[PDB]
């Protein structure tokens, strides 16, 4: 092992996000020491969800990402069985209480159009909202409803570009970009 990417991941993201990403990949049969770009991407996706949920009031979002698969489904079932929304086929990331809809947050190294289409084809569920960010400052949301005020989303974009810069400064961006 001994990747430059792994050491960069541990010093760039906070320990809790690193710990959560280690559990997730290990739960799905992968190891942060080999699939190190997936390690960087899992942390990134985790941090974005956290900043996103931090963008609302206080009780607006229920965080689904960053839970055990069984407990995340339990919370999803309780949300469906109390508000009345349909149960998604694939685990979402958040649930907007203000807007009464699940949210699937994506972070891609391609143009937001293609990644959105793949997840919109994977979901095929309508209902759940889709919101994609990219490492180049662009975003894409369902029905152009970007959910959060603009300010919050702007932060996420800045954070994503800083991650890209630190990766490129360490000459690890090109392998990270051409790996998704």
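Residue numbers count along the first chain shown, from 1. Each form is matched to the other, and the largest set of C-alpha atoms that superpose within 1.5 Å is called the rigid core.
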Report task. Find the stretch among 118-126 and 46-54 with the larger RMS C-alpha deviation in 6 other deposited structures of this protein, all structures being superposed on the shown form by the rigid core. Result -> 118-126
Query raised in the report: Which of the two stretches, 120-128 or 46-54, shows the higher mean Cα temperature factor in the record?
Result: 120-128
Query - Average Cα temperature factor in the PDB entry - higher stretch of 29-37, 149-157 - result: 29-37
Report task. Just grab whichever of 76, 107, 94, 85 has the top CA B-factor as deposited. Result -> 85
Report summary line: residue 139: CA temperature factor from the record, placed by chain third, in the middle
